[PDB]
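**Student:** Provide a 3D model corresponding to the input given below.
(3 chains)
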Amino acid sequence: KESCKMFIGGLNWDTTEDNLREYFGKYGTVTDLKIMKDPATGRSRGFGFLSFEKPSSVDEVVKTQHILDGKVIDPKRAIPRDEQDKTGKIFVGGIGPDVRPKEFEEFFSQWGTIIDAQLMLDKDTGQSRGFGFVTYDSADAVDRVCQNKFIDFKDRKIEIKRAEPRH
Amino acid sequence: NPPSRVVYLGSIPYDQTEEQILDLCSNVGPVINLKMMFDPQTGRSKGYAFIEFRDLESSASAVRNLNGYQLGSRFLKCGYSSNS
RNA sequence: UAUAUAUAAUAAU
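**Tutor:** Numbering: from 1, shown residues only, chains lettered A, B, ... in the order given. This is the structure:
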């Protein structure tokens, strides 16, 4: 009751419900789930509500990394609406010539807890122009690192910028 | 960030722009901000306009009286985003 | 310069 519904995130723009379930029911048992992705109509936000009957499947589901289409999915237990709105997201510009998400995610991980961060890659879509993303559960850290626009990274500084809100 | 305060007009043809919207929504009381734009870059949004109302007060009476009604291909949606 | 979400949102630089 207190825990069981989850908020699948980072879903590939090509997933189905029966498919998403057959993929997830690999952990325990599920009673119902509301996937939005609709390849038939065209496309929709990539997220999925997973009504895990056994609150446990949710613990291992979020505590485990998986890849449906091999792109990048982020499974997390349902998150309070107010907490989701409070979370802030910043876009990072410029990056090392060959940096993997391992560092980057670990990099920012120090200051400002990183709820959802990562580097994008042409594999995700084909825009390996050279960028990065970071998400904190608050905007205080954003304004904190903000004064630190360019930051010293592997070998190429990184120009931090708000995910979009100029503010 | 309340559940109602602004109105999002998306599926609306160039038939009704800032002039028509300015009253299709206001049709209840005073408003606050009105913006209209299309998808020059995204290449998707046809007629999108943001109409912010006075506040949960006018938005209460407007969004409650009118929020989603047979208009365009989709019905106006109850917005809430607020700009300092 | 670019981002796959809480079933919904234009522009800018």
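**Student:** How about the residues of chain A by RNA strand C?
**Tutor:** For chain A, the residues in contact with RNA strand C (Cβ under 7 Å from any atom of the strand) are A:7, A:9-13, A:34, A:36, A:44-47, A:49, A:71-72, A:74, A:76, A:78-79, A:81, A:84, A:89, A:91, A:93-94, A:120, A:124-125, A:127, A:129-131, A:133, A:159, A:161-164. Quick note: C-beta positions are derived from backbone N, CA and C, even for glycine.
**Student:** Make a PyMOL selection of the buried ones in the residues you listed.
**Tutor:** Buried residues within the residues of chain A next to RNA strand C, as defined by 16 or more other Cβ atoms under 10 Å in any protein chain shown, are selected in PyMOL through the command that follows:
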select buried, chain A and resi 7+9+10+11+12+46+47+71+72+74+89+94+120+130+131+133
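**Student:** Restricted to strands, list the residues of chain A next to RNA strand C.
**Tutor:** Residues from the residues of chain A next to RNA strand C lying in strands, with DSSP state E as the criterion: A:7, A:9, A:34, A:47, A:49, A:89, A:91, A:93, A:131, A:133, A:159, A:161-162.
**Student:** interface residues of chain B facing RNA strand C?
**Tutor:** B:6, B:8, B:10, B:35-42, B:44-45, B:48-50, B:77-81.
**Student:** Buried among these? Need that as a selection in PyMOL.
**Tutor:** In PyMOL, this line selects whichever of the residues of chain B next to RNA strand C come out buried by 16+ other Cβ under 10 Å:
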select buried, chain B and resi 6+8+10+36+48+49+50+78+79+80
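**Student:** Among the residues of chain B next to RNA strand C, which lie within strands?
**Tutor:** Using DSSP E, the members of the residues of chain B next to RNA strand C that fall within strands are B:6, B:8, B:35-37, B:48-50, B:77-79.
**Student:** Closest one of the residues you listed to residue A:20?
**Tutor:** If you rank these by distance to residue A:20 using Cβ to Cβ, residue B:77 comes first, at 26.4 Å.
**Student:** Let me know whether the closest one touches residue B:7 as I believe.
**Tutor:** Yes - here residue B:77 reaches residue B:7: they are 7.2 Å apart, a contact under Cβ atoms under 8 Å.
**Student:** so what sits against both of these two?
**Tutor:** Common neighbours of residue B:77 and residue B:7 are listed as residue B:67 (criterion: Cβ atoms under 8 Å, 6 or more residues apart in numbering or on different chains).
**Student:** what two of the ones in strands among the residues of chain B next to RNA strand C are the furthest from one another?
**Tutor:** Comparing the members of those, the greatest separation, given Cβ to Cβ, is between B:37 and B:78, at 20.1 Å.
**Student:** how about the closest residue to RNA strand C within chain A, what does it touch?
**Tutor:** At 2.0 Å from RNA strand C, residue A:93 is the closest residue in chain A, using Cβ to the nearest atom of the strand. Contacts here follow Cβ under 8 Å, 6+ apart; on that basis residue A:93 touches A:130-132, A:158-161.
**Student:** mind putting these in CSV, distance to residue A:60 included?
**Tutor:** Compiled in CSV, those are given as follows (distance: Cβ to Cβ, whole Å):
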residue, distance to residue A:60
A:130, 35
A:131, 32
A:132, 29
A:158, 34
A:159, 38
A:160, 34
A:161, 36
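**Student:** Break chain A down into its structural domains.
**Tutor:** In terms of domains, chain A is parsed into A:1-86, A:87-167 (source: curated CATH domains).
**Student:** can you pull out the helices in chain B?
**Tutor:** Counting by DSSP state H, chain B has these helices, from start to end: B:18-24, B:56-65.
**Student:** Next: chain A.
**Tutor:** Chain-ordered helices for chain A, with DSSP H as the definition, fall at A:17-24, A:55-62, A:81-86, A:101-109, A:140-146.
**Student:** buried sites along the second one?
**Tutor:** Which is helix A:55-62. For helix A:55-62, a neighbour-count test (16+ other Cβ under 10 Å) marks A:57-58, A:61-62 as buried.
**Student:** Perfect, I'm done here.
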